[PDB]
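One chain comes next, on its own, written as structure tokens: the form solved without this ligand.
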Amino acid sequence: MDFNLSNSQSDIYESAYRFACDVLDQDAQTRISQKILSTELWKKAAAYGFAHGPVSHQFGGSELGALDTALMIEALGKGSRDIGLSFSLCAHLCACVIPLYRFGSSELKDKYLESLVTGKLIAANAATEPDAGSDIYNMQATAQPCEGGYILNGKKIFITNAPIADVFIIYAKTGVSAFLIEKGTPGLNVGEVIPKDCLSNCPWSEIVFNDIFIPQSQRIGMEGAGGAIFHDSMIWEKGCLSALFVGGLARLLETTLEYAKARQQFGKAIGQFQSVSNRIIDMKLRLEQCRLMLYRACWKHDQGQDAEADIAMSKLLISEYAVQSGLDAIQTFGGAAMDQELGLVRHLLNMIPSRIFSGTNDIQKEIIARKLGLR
């Protein structure tokens, strides 16, 4: 039992935090106010290492483990206010890079992987539909077999990164299968953006497949395998977003601490008033607890143990605590909280899709209950 970062882990965390502070956060205020997703900074961040995860050195990755990745994304969440860019990165990593690295052929990997890992190509994820967003077994997207490939038809909505994406990872009925599709392929129609607020500057839209021919080699994994591949994605997504929010929570705490040590009222800093002080103590309690839960899930995974219930516990706890502390912060700032430059109300806006992405909290409760022997 040891509760310090190894020197390697501190190095990973501190380098990533410097990058997020000095490169991404510099003009984050402006890009955010103007709802700009900077592909320039996005690619700088991807090439720095935020798109690597566990991908091996052979494809330009750093062969990081789960705890290592979580530490990078935690630094990212703490150091950069541009959380929409951070979310785009995490999605590209978990929904495309990691599935391709773990389940794709050597041909698919040699053609696409290193470009995704090093940020030459941006990727988007598409498995959610009106009735098929949750139940990703009943889906109105179908890829019928044909000579030397497939014919894909359907409509995927809420596609993170599609307005900027070069490739798309599509899940389609065949069993479900996973396909990589290049932007521009005939019959692939990317649609325009509907205004966003919850992680505002992170682009999303809907894509339409109208008799798209998918080459045989662009299938990821075996036929019918999509459901497992996708499942793997969500685990990683669950972890990375958990890391991101732990980082944001850390940022939120330091900010609130500043506002409390400086703001003078009644002849003393308002942090001596037990209302604000109690909210800060709550933030600190929440952050330390769910930080430890997250590290233990990641570390168990890196040990080869099965970490899926631990990560479910992590996502549950961080979802809840992040929302509650965001409320506490709005209460603590008062009439200075709606400062778009302070970016707190938008912080909570961006934290809204936490229970709206890789499982509501009821799904996590089901995972935990099953692990406990309750069904």
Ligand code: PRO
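In this text, residue numbers run from 1 along the sequence as written. If you superpose the two forms and keep the largest set of C-alpha atoms that fall within 1.5 Å, you have the rigid core.
Omitted from view is the form solved in complex with this ligand, to which the following refers.
- Out of the listed residues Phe230, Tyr101, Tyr150, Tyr295, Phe230 is the one that sits within 4.5 Å of this ligand in the bound PDB entry by at least one heavy atom.
- For the residues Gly191, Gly175, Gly133, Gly187, the 4.5 Å heavy atom test against this ligand in the bound PDB entry is passed only by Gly133.
- In plain terms, the part of the chain that comes close to this ligand in the bound PDB entry, with a heavy atom within 4.5 Å, is 231-239 out of 246-254, 296-304, 67-75, 231-239.
- Shown alone here, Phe213 lies farther than 4.5 Å from this ligand in the bound PDB entry, counting heavy atoms only.
- Annotation for 344-358: the only interface residue with this ligand in the bound PDB entry is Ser358 [heavy atom within 4.5 Å].
- Following superposition on the rigid core between this form and the one not shown, the residue from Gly271, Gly79, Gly154, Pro203 with a C-alpha displacement of 2 angstroms or more is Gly271, and no other.
- Once both forms are fitted on their core, the CA shift for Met351 between this form and the one not shown remains under 2 Å.
- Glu14: CA moves less than 2 Å between this form and the one not shown after rigid-core fitting.
- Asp25 is not among the residues whose C-alpha shifts by 2 Å or more between this form and the one not shown once the rigid core is aligned; its shift stays under 2 Å.
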